[PDB]
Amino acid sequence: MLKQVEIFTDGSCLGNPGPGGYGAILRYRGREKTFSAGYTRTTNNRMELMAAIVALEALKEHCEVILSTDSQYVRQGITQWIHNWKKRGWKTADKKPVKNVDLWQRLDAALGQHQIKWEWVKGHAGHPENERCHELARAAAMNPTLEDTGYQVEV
């Protein structure tokens, strides 16, 4: 409903696993809000997911969202993976929980509350806002404050 929320996201992690951070910009109404935070031990995939999640959760009103992100990971999950996962109860073929299910479920939840349009960005030139989320992410990764609880060498 809500006029037209514009969301930008990016995540960055210094090792696999390693320190990581996310950067998200929300242009909700004439305003702009910035979200950023760093984790001591996580992965790039997790930070790319977290980014979309934090931004979407900030919205308490059913909105018309335009989310811009360059993650192939988020792209594959939204365009191909998720409906097939739900159907299989979120398990791969060998009956194990899909990797990062904790995060995919959290994203799926927020996904249902809005009219989302996904803009798959190629890569930074011409996209200043994603360049900035990347700076924010890189920066948070340099000063991790939180722990990535759902992270697991296991699954």
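Don't overthink the numbering: it's just position in the shown sequence, from 1.
Colleague: Going by the average Cα B-factor in the PDB entry, point out whether 107-115 or 36-44 comes out higher.
Modeller: The stretch with the larger mean CA B-factor is 107-115.
Colleague: Could you check which stretch, 25-33 or 123-131, carries the larger mean CA temperature factor in the entry?
Modeller: Averaging CA B-factors over each stretch, the winner is 25-33.
Colleague: Which has the highest CA B-factor per the PDB entry: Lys99, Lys60, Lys95, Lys87?
Modeller: Checking the PDB record, the top C-alpha B-factor among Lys99, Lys60, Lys95, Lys87 is at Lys60.
Colleague: According to the PDB entry, is the CA B factor of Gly20 in the bottom, middle or top third of its chain, that is, lowest, middle or highest?
Modeller: Lowest third, going by the recorded CA B-factors of the chain.
Colleague: Which third of the chain holds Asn143 when residues are ordered by C-alpha B factor: lowest, middle or highest?
Modeller: Within its chain, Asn143 is a highest-third residue by C-alpha B-factor, going by the deposited values.
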